[PDB]
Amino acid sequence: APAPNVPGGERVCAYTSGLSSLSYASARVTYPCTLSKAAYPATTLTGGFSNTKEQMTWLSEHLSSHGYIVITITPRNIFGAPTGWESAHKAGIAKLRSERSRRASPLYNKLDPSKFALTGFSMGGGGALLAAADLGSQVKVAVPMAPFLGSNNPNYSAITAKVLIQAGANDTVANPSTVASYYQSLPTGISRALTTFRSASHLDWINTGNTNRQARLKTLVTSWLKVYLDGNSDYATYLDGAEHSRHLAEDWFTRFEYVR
């Protein structure tokens, strides 16, 4: 069980050829280079307003180093509204399924469509909530990170994914109170968590964020994917086991909630 706060075993490859879509501006897939296993779980990844996919590599290349396919996406309008990122997320899921069927693609017959996630920062996290509500059981996990929904309201009643919502205690864009209200909108019957990190500011979720703090962010995101995408209970310790106790002893969180 590679530690989730640092790169995992796998060497990471990437490509952009064949990833065009009318529903976003550009995309980049990172993946474990060998691709030796029978099928791989996958997640979308976006930033938010004014961000592009290049700003999210701190997370995409970390996750692919732990065995995940990641499609990181620049939406059609980086200066748009959260529904613009909703479309980007659905287009990422569509592209992954398309790539599984495209003989020329490096992902040909290598994706497990039952282990797809949506992951997104700020307005991209709002888009991830909107898309999780629209896709229903077609996505297994959603990870909205410092989500920003503005006026938009997802159909929370329809979400079936296992949802980890992250917030930043010092975040004045996605106020941790507002993020918490999204988390308290979720269905009571889904596995879910709220992790509000001490000292974290909004931009801790792009490349220019604090390296030490991002290790904390990576710990939770990676472990959530391992437990609820792969079903790997070796990473439960980081959610409510001995490692979570270490996080408490280090005062990682201003607020923490978890429904297994």
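The first residue of the sequence shown is number 1, and the count goes up from there.
In this entry, 106-114 shows the higher mean Cα temperature factor of the pair 160-168 and 106-114.
For the pair 37-45 and 51-59, the mean B factor over Cα atoms is greater in 37-45.
Comparing the C-alpha B-factors of 65, 214, 207, 199 in the entry, the top value falls on 65.
Highest CA B-factor among the listed residues (74, 119, 181, 101): 101. In the PDB entry, residue 30 places in the middle third of its chain by CA B-factor. In the deposited entry, the Cα temperature factor of residue 130 sits in the middle third of values across the chain's modelled residues. Among all modelled residues in its chain, residue 187 ranks in the middle third by Cα B-factor.
Annotation for residue 203: C-alpha temperature factor in the lowest third relative to the rest of the modelled chain, per the entry. When the modelled residues of the chain are ordered by C-alpha B-factor, residue 229 sits in the highest third.
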